[PDB]
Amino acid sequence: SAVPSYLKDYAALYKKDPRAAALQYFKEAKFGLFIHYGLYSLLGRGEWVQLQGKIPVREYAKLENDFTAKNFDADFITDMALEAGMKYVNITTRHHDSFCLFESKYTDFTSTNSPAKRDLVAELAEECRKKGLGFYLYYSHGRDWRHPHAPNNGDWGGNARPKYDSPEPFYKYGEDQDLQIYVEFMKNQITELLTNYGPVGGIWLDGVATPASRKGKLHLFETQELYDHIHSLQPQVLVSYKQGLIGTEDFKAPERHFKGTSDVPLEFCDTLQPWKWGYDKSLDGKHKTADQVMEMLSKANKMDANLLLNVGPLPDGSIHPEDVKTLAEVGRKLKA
């Protein structure tokens, strides 16, 4: 009962150390589904199109007028994962473009506001609770390309913000910018995710390269205070931040591979599309094959790491037919 489904084979440990139970479940899950769905999926040129296309903030915000998510089926997605042999699911609640797939009282730039009128995080959370799958939340942290107070391209690097040819009117600059408005905005949104969707597996932070580009300035993000707020918000939630920003994360989530060894659990995240998370139409017929996934899984076990394998849905919210087959066969090879 109090033991959440995702960690039901670790109840005893849970009734002794909830977070221990979480780490254990995680270190042993081995396989998971990453989902990158958002406004970028409509342009089909990747998830960094706002930057790689220097699309101004206002022009990009017109994509909400075309966001319906008609064929986004959390039932099929949760089922696909299970059959494939995956034990948990991870979705981008809000990427660098700052569009949210969940209802938020601190922004109207959400999928609930859009023609879709749906809380896709709520939809996915229930399907995970129903099916015993772990549920993890990608949330853009070190980079934001919309919020006026988020790191700018002068003070911070990375690629903090799209390098526009004329200053973007939506951004405040210099003295007109107090990151603390942004810092609190994230902490406010993360509070919503941990409260409105029941027990959550972890907060999956991204964008590490930007705060680390000025790491004597790193402390203004109040990141450790964010970790503390997350652990205080629920007993068992984990926090990751790619390979690590301040060293106090519950696990390390490097992209694709990790050199060296780590004090904490490892999770390699990789793509079913060549190089690009997020739907890229130019890559059709070139998605990875079930035999390549077996390699990725093998390599990951060698490294004592999970494999978090990504699907980037089609503009309507449906899973690419190449990835559906690939995952369907990975499941059959695995149960053998």
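In this text, residue numbers run from 1 along the sequence as written.
Just going by the entry, 13-21 versus 308-316 on mean CA temperature factor gives the higher value to 13-21. For the two regions 141-149 and 83-91, the entry's Cα B-factors average higher over 141-149. When the C-alpha B factors of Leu120, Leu238, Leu226, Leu193 are read from the deposited coordinates, the top value falls at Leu226. Take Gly132, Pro115, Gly216, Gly201 and read off each C-alpha B-factor from the entry; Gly216 has the highest. In the deposited entry, the Cα temperature factor of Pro56 sits in the top third of values across the chain's modelled residues. For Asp73, the recorded CA B-factor ranks within the lowest third of the chain. Only modelled residues enter the ranking. Per the PDB record, residue ranking by Cα B-factor puts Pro274 in the middle third of the chain.
When all modelled residues of the chain are sorted by CA temperature factor, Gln292 is found within the middle third. In the PDB entry, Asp250 places in the lowest third of its chain by CA B-factor.
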